Amino acid sequence: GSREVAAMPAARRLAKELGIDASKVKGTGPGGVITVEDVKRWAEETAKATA
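## What about the pattern of salt bridges?
Opposite charge on two side chains permits them to pair, given that their charged atoms come into close proximity.
Right, so step 1: For the coordinates displayed, the defined rule picks out 2 salt bridges.
Right, so step 2: Its salt-bridge partner being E17, residue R13 comes within 4.0 Å of it at the nearest N-O pair. One end of the pair, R13, and the other, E17, are both in helix α1 (residues 9-18), 4 residues apart, so they sit about a helical turn from each other. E17 shares its class with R13; the two are exposed.
Right, so step 3: The partner of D38 in a salt bridge is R41, with the nearest N and O atoms 3.7 Å apart. Of the two residues, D38 and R41 both sit in helix α2 (residues 36-48), 3 residues apart, roughly one turn of that helix.
Right, so step 4: Here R41 falls in the partly exposed class, since its relative accessible area comes to 46%.

Shown next, in the form of structure tokens:
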């Protein structure tokens, strides 16, 4: 079946503090957990976009 979308605490915490949809952030952490590097890179990319 499916183990639902996972989101570790670090990524979850920052995700909520950054205001970035963790779900949209396809986590690749062990067990489908959105890793901190996943949210950090994803969230920063958004703000990185200037064009």
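Okay, back to it.
## A few points about unusual backbone geometry
Right, so step 1: Of note, the phi angle at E4 is positive, near 55 degrees, even though the residue is not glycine.
Right, so step 2: Position of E4 relative to the elements: it lies in the segment before α1.
Right, so step 3: Using a relative accessible area of 72% as the deciding quantity, one classes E4 as exposed.

## Considerations on the nonpolar core
Among soluble globular proteins, nonpolar side chains are generally buried collectively.
Right, so step 1: Counting 10 residues, the largest nonpolar core is built from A11, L14, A15, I20, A22, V25, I34, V39, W42 and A43.
Right, so step 2: Of all elements in the fold, only α1 and α2 reach the threshold of two or more residues within this core.
Right, so step 3: Excluding anything up to four places from it in sequence, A15 contacts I20, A22 and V39.

## Points about α2
Right, so step 1: Given a rise of 1.5 Å per residue, 13 residues ought to cover 18 Å, and the 17 Å separating the end C-alpha atoms of α2 matches this to within 8%.
Right, so step 2: Residues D38, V39, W42 and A43 constitute the buried set of α2. Around the axis of α2, the buried residues are gathered within 110 degrees of arc, so they sit on the same side. Those residues of α2 that are exposed and angled more than 90 degrees off the buried face are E37, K40, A47 and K48.
Right, so step 3: Check the buried side of α2 and you find it contacts α1.

Conventions we followed
Residues numbered from 1 in each chain as written, not as in the entry; some residues may be left out. Heavy atoms only, no water. Salt bridge = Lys/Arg side-chain N within 4 Å of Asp/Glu carboxyl O. Helix = DSSP H or I, 4+ residues; strand = E, 2+ residues; numbered from the N terminus. Buried < 20%, exposed > 50% of the residue type's maximum accessible area, 1.4 Å probe, protein only. Core = buried A, V, L, I, M, F, W, Y, C linked by side-chain atoms within 4.5 Å. Contact = heavy atoms within 4.5 Å. Expected span 1.5 Å × (residues − 1). Arc of directions from axis to C-beta.

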